[PDB]
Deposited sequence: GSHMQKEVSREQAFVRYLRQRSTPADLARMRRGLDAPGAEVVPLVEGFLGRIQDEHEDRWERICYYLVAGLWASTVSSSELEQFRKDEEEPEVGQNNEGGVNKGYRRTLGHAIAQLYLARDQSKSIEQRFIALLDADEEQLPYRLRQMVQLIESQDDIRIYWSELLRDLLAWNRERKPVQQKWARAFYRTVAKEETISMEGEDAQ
């Protein structure tokens, strides 16, 4: 059923107050450093012995980005193999890429994103989400985003692999949808 990242996002949707969102937003430059009881509560109900500074950064970052959203797709998320890829940020980014005439600068910004280390990531992701949110119609699956960020430092780099494949798979798909 409901994975922990799903549960997390549901909880933010159901329980956040406007004050929480203000804090979540404010913490964007140093996620975790701006404490939000709501989030702390959720992390304090699992973490145990994973002083995982990463986890805390990822949760808080997703909170902040989510708390910043403007997408029409989030207005829907209040009512409600291939599925794998569409649900990843790679797919969202490709959609943005195609919306802007297959713009090489998005592709580059995207490659740069896949190169990020832990320190670079919160910043580059924040810029990309921002770009994505400029297009009205593109959904970002937050729970998948969080799961993916959590696994960023895995060894043969599966998330980054996964994203890349989603991106080029979507682009290719469009070159077929057109005839």
Sequence order list of spans that the model leaves without C-alpha positions, deposited numbering
1-6, 87-100, 200-205
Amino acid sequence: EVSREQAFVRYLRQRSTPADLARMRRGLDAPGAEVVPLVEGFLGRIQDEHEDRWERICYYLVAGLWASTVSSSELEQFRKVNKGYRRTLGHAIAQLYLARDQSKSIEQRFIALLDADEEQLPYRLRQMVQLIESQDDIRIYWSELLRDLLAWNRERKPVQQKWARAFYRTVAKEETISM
From here on, numbers count along this sequence of modelled residues.
Which of 102-110 and 71-79 has higher mean CA B factor, as the PDB entry lists it:
71-79
Mean C-alpha B factor from the entry: is it higher for 61-69 or for 37-45?
37-45
If I read the C-alpha B-factors straight from the PDB entry, which of 126, 53, 147, 26 is highest?
53
Classify residue 12 as lowest, middle or highest third according to the C-alpha B-factor given in the PDB entry, relative to its own chain.
lowest
Taking the chain's C-alpha temperature factors as the reference, tell me which third residue 164 falls into: lowest, middle or highest.
lowest
Binned into thirds over the chain's modelled residues, the C-alpha B-factor of residue 134 lands in the highest
